[PDB]
């Protein structure tokens, strides 16, 4: 499965990732590009593109326009900024059809790091409330917290 | 309607790397013509940031290098920044050979958006205790100096101080070669310093100075003594290379009857010693000039 | 540089393999060179010819020629060593001699040019050792085991988390005068 971590990565969106991968943290320059890992479960080995949603990189991902299989949205839960705007973008994913081949997870990260919204509050706000032709249970992490994640995921590959 | 591009794609799976190798060769040959039509790029793209296969990477990489890169896609295929970050890491790689090899490549490489923080990256790599790696930077830099010298601007001195830190002859030799091309002056300052020490030392680096000195006088002189002091020491002269040059430089410098004699001798003995005829002729030719 | 190309040659009017240190032009520099080489200019023997201030340096080794080219002066012996040296190296590098073997180990061979010679500089000795430098390394491994492992631990653990959750002078004076 191709699992997607998008948003601008360098924020620790990438931290979020590095934490998974080695246990470590962003010891890279804030990272625009594909970051790749394979994580093996159900031995679907999830190939993670942790990709900055920075300008080009957001702009240009067409070769990566193919067909999805897993969704992480790694979240600045202090961002409560680009999300409406995001919602406005997000529609075009919705308007993609490759994009409807994943039972997913938005991950609320960066909770400790300032705060976060109602699990619901966000849910409408990115436009998330509105799906169903993909599952849509919700899971919070932080980026110095997160557990039960895997419940979210559990259902998800086993969709 | 379908094509063998695809035929290659399955092979790659089938083997892994192995099949891919085959693919590289084919591709290569295909590439060699010019020729190709795109799409495998995607494959390449897909598997390669998440894949190893070092040799293959080396093949791949080189392929990129020889082939264009300001590809009608851009400029870049357009990912020339993203993929690099792994590579940058590799370039970062603690793994010294790996960096060095990259560097080697890198000397060949010249892709700018990628370069900029790799400028930082490279700087770190210079520190690595391996002279191979460091040396490789000397080429690389050389490559910059024409392409985007400026990219780094503080360099000529930086090098020159670096020389101070330095002591690996191999690297030194290099250091000189580039240094004079950036600026002679630094070399000269050092030259002043080195003057006595030279004799002790290995030739190759010594050679490089001989060229430099030459160009400047025809434009302007007044400089002699300091040199002379050394030069006389150089009138030991003893490697066949050294000697070969040593008389040759002399004449360049001088032609006093005494000078005429000095060089002459060197030849005559030389010849006498000499064996490769091809060589012999050559000096004549000079002589013929003379 | 002290060589813009090294091309290893076979008798065929054609040079069996080559590499272009610097690209700009097209083969016509190289292509033209190839043509001339194949032609040999009927010329009888002699392992060297320089003409028009261009060294064409070669060595017959058999039906094969190994070729280097240069235009302005050089110290010979060194050079020779190399031609010869090539003639030492190949059966190791690409396996013996017949184009094919080389055809398979092209990558190896080109790699050898670079490796051997960094821009007209005689880099080392010891072929095996030469292997050593890359695609044969050491550091990377050292790092990998420890690291990979460390991560792995984190991963393993994760699996659970996941799972559940005087002289001078003589001259000098004379001159000075």
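Selection of the range B:189-205 for residues being more than 14 Å from every other protein chain (Cβ to nearest Cβ), in a helix (DSSP H, G or I) and surrounded by fewer than 19 Cβ atoms within 10 Å (Cβ to Cβ) yields B:189, B:190, B:192, B:193, B:194, B:197, B:198, B:200.
Counting residues in the range B:269-276 that are within 30 Å of residue C:124 (Cβ to Cβ), in contact with a strand residue (DSSP E or B) (Cβ under 6 Å, 6 or more places away or on another chain), in a helix (DSSP H, G or I) and within 14 Å of chain C (Cβ to nearest Cβ) gives zero. Could you check, for the range C:56-66, whether at least one of its residues is in a loop (DSSP other than H, G, I, E, B), more than 16 Å from the chain's Cα centre (by Cα) and within 22 Å of residue B:240 (Cβ to Cβ)? Among the residues of the range C:56-66, not one is in a loop (DSSP other than H, G, I, E, B), more than 16 Å from the chain's Cα centre (by Cα) and within 22 Å of residue B:240 (Cβ to Cβ), which makes the answer no.
Residue by residue, here is whether (1) away from chain A (no Cβ under 14 Å); (2) touching a strand residue (DSSP E or B) at 6+ places or on another chain (Cβ under 7 Å); (3) in a helix (DSSP H, G or I) holds:
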site	(1), (2), (3)
B:89	no, no, yes
B:97	yes, no, yes
B:103	yes, no, yes
B:117	no, no, yes
B:125	yes, no, yes
B:129	yes, no, no
B:136	yes, no, yes
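Condition check ((1) in a helix (DSSP H, G or I); (2) within 14 Å of chain A (Cβ to nearest Cβ); (3) in contact with a strand residue (DSSP E or B) (Cβ under 9 Å, 6 or more places away or on another chain); (4) surrounded by 12 or more Cβ atoms within 10 Å (Cβ to Cβ)) across all residues:
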position: B:9; (1), (2), (3), (4): yes, no, no, yes
position: B:22; (1), (2), (3), (4): yes, no, no, yes
position: B:36; (1), (2), (3), (4): no, no, no, yes
position: B:42; (1), (2), (3), (4): yes, yes, no, yes
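Counting only helices (runs of 4 or more DSSP H) wholly contained in the range A:1-98, the ones carrying 3 or more residues that are surrounded by fewer than 17 Cβ atoms within 10 Å (Cβ to Cβ) occupy A:55-59, A:83-94.
Let's see how each residue does on (1) within 11 Å of chain B (Cβ to nearest Cβ); (2) surrounded by fewer than 14 Cβ atoms within 10 Å (Cβ to Cβ); (3) out of contact with any helix residue (DSSP H, G or I) (no Cβ under 8 Å at 6 or more places or on another chain):
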{"site": "C:69", "(1), (2), (3)": "no, no, no"}
{"site": "C:86", "(1), (2), (3)": "no, no, yes"}
{"site": "C:102", "(1), (2), (3)": "no, no, no"}
{"site": "C:122", "(1), (2), (3)": "yes, no, no"}
{"site": "C:125", "(1), (2), (3)": "no, yes, yes"}
{"site": "C:136", "(1), (2), (3)": "yes, yes, yes"}
{"site": "C:145", "(1), (2), (3)": "no, yes, yes"}
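Is it true that residue C:118 is touching a helix residue (DSSP H, G or I) at 6+ places or on another chain (Cβ under 8 Å), within 25 Å of residue B:56 (Cα to Cα) and surrounded by 15 or more Cβ atoms within 10 Å (Cβ to Cβ)? Considered against the rule, which asks whether it is touching a helix residue (DSSP H, G or I) at 6+ places or on another chain (Cβ under 8 Å), within 25 Å of residue B:56 (Cα to Cα) and surrounded by 15 or more Cβ atoms within 10 Å (Cβ to Cβ), residue C:118 comes out as yes.
Read-outs: derived from the displayed coordinates by stated rules, not from any lab. Quick reminder, even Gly has a Cβ in these numbers, built from the backbone with ideal geometry, and neighbours come from all protein chains shown.
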